[PDB]
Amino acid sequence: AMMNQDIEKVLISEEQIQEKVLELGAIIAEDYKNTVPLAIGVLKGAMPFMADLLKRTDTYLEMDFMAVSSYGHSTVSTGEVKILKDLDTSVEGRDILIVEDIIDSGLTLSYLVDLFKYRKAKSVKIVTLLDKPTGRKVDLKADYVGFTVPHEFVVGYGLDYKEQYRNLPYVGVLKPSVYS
């Protein structure tokens, strides 16, 4: 029927997300006021948050995107992933802001962060809509965080279950029958 028919509970409402994005955007705009950073999202989950975040960030910036895929074993050990789409511009000397939907193990993100430092970024910071710090497999701290969630079992606003639900305007938890 309707997608709400699959949602057990709304954890973060659209109104709550909108207020947070407004707040974070104002903070990021002030922190990068005299340097046009490169704001980068990792496909696909970061897309909705990145779009609304940046639209509330009143400062000059450039957008870009990466796509990556798992190598399997090395990905779940060091976070190394295969670059499917690299950035359209060089990193050297740039201030990089990685926009993410959620950080859990933090392995792939940590790999990307240190890749950008290898590429001589002037700086690298991270903004994430959701953080689950109890999931860390590496010490990786986001610089800007929307909400801290006790678990990563949620859908909406970029987050998927079998590639669906990313288009929900809120963050929720699925009913058990959907996945089991």
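The first residue of the shown sequence is 1; numbering continues from there.
Note on 107-115 vs 148-156: mean CA B-factor is higher in 148-156.
When 133-141 is weighed against 57-65, 133-141 comes out higher, by mean CA B-factor as recorded in the entry.
Looking at 40, 29, 126, 36, the one whose CA carries the top B-factor in the deposited record is 36. Per the deposited coordinates, the residue with the largest Cα temperature factor out of 82, 94, 85, 73 is 73. When the modelled residues of the chain are ordered by C-alpha B-factor, residue 21 sits in the middle third.
Per-chain ranking of the deposited C-alpha B factor places residue 9 in the highest third.
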